[PDB]
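Considered here are two forms of the same protein chain, supplied as structure tokens in two stand-alone entries, structure 1 and structure 2.
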Structure 1
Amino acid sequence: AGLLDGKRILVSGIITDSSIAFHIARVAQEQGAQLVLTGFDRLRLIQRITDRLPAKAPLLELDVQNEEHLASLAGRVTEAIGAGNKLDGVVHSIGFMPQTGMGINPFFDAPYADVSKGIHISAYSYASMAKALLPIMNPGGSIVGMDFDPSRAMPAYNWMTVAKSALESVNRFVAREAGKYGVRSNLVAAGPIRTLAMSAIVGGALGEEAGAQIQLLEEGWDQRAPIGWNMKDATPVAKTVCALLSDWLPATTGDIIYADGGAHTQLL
């Protein structure tokens, strides 16, 4: 009766109970999926958070910037799901851009070392995760990444927008590779969601004007979205990621599904 009954899915990106990945994982488990979770740096925090999910799931360490973590990932994942078992789904819910590349800091003042760390984690890592997990993925499988529509320039998002543009391009290429395994690669372009970092930004953490600009963006989103947009609810986004992990979008790859209330299709 579950949308993902008997599916083995890797879910990365859980840091808090407000992370999009926390809701992707919760909905996937509600839908019968058996999960493997990857965490970065704060493994003690991630453990106490992931324990509050509907079901038990092994937690593995994964710094996408660590080439040893990536090289050992498939072996570690196979150990957690059992020899002879493969993944049906992979969720990349990873994004990061240093403070110099987002907020009130002038767009021209982001040092390249920072932008490069940001593009490494936010875009390149999508291809790294794919390279590492495709050898242990089943035909009919699904790789899903989290995107924020970068088609147009926005205030404050700055170099994260640039990283999303790179991620969109990476995805179309990952799909060419994924296809050889009978696996789909897609992105979910979500509307803005109130994660801990996002509430902090809106509160003025990256400067006041950045907070005010994002608040206008969030307000405008809901105004344009024909069915509305509730940034305080990550479940519609999580439900969309599950739809892509399911067998119900079998002919969609190298693509982007917009879980944004339809705001991107409206000007005013």
Structure 2
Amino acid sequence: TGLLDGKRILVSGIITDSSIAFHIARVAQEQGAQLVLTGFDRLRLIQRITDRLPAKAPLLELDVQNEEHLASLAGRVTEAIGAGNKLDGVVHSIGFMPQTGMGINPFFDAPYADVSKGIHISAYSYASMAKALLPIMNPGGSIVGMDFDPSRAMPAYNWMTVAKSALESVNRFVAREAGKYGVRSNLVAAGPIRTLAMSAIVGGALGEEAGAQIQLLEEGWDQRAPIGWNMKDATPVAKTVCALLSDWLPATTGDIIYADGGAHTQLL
């Protein structure tokens, strides 16, 4: 009955139940998908969080900066899904940028070591995961990553904006590689969502009026979006990622779908 009936899908990036990846996983499961999950660092917490999903799925450790984790990933996925089976979908929902690279911290004062780490995790890892997983993906498959529209500069997002610009470019080359396997590669550019990264990384770097200034972001985004925007609701974004993982967008690759309430199409 489900949009993703029978499909085996790897989903990275769950840390809490407000994670975009959590809702992607939840919707994908409501739609009949069989999941393999990956988690970073706080595996015990992640285990407890994933207990809240509609169906239990194996959790595999993946630090995208750890070459050993990347080299063993496909083997460990095959152990979880069974020999002779392959993935139909992969979700990259991963990002990091040091505090120096965000908020009210002067753009010029972020050392390259920090920026590099951020670009490693948030951009290059999209290609790493594709490298690791394409060899175990079925024709008609779909790789999806999460974006935040970086076409224009803005307060606060700072070097993460630069990392997203890189990610968009990486996705276009991932499409070229993926196409050899009959696999699509796309990004979903989401509007703002109240996640752990929002409050701890972005909010943490904004200093004092962070609470009110995020409320400004919500109000302004919902005003610009012709159909409105709810920062408390990741479901519209999760649904969009599932549309891309499905058979219903079979001719879209190297591309970006905007799940932002149409805010990026309006100036005011």
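Throughout, rigid core stands for the largest set of C-alpha atoms superposing within 1.5 Å between the two forms. Residues that one form lacks are left out of the comparison. Residues are numbered by position in structure 1's sequence, first residue being 1.
With the two forms aligned on their rigid core, point out which item of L45, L70, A243, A212 shifts its C-alpha by 2 Å or more between structure 1 and structure 2.
With the rigid core fitted, the residue that moves is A212.
When the two forms are laid on each other by their rigid core, does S199 show a Cα shift of 2 Å or more between structure 1 and structure 2?
The answer is yes, as the C-alpha of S199 shifts between structure 1 and structure 2 by 2 Å or more after core alignment.
After superposing on the rigid core, how much does the Cα of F96 shift between structure 1 and structure 2, in Å?
For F96, the alpha-carbon shift amounts to 0.4 Å.
Send over the list of consecutive residue runs, 3+ long, where the C-alpha shift is 2 angstroms or more at every position between structure 1 and structure 2 on a core fit.
Runs 199-206, 208-218 stand out as displaced between structure 1 and structure 2 - each at least 3 residues long.
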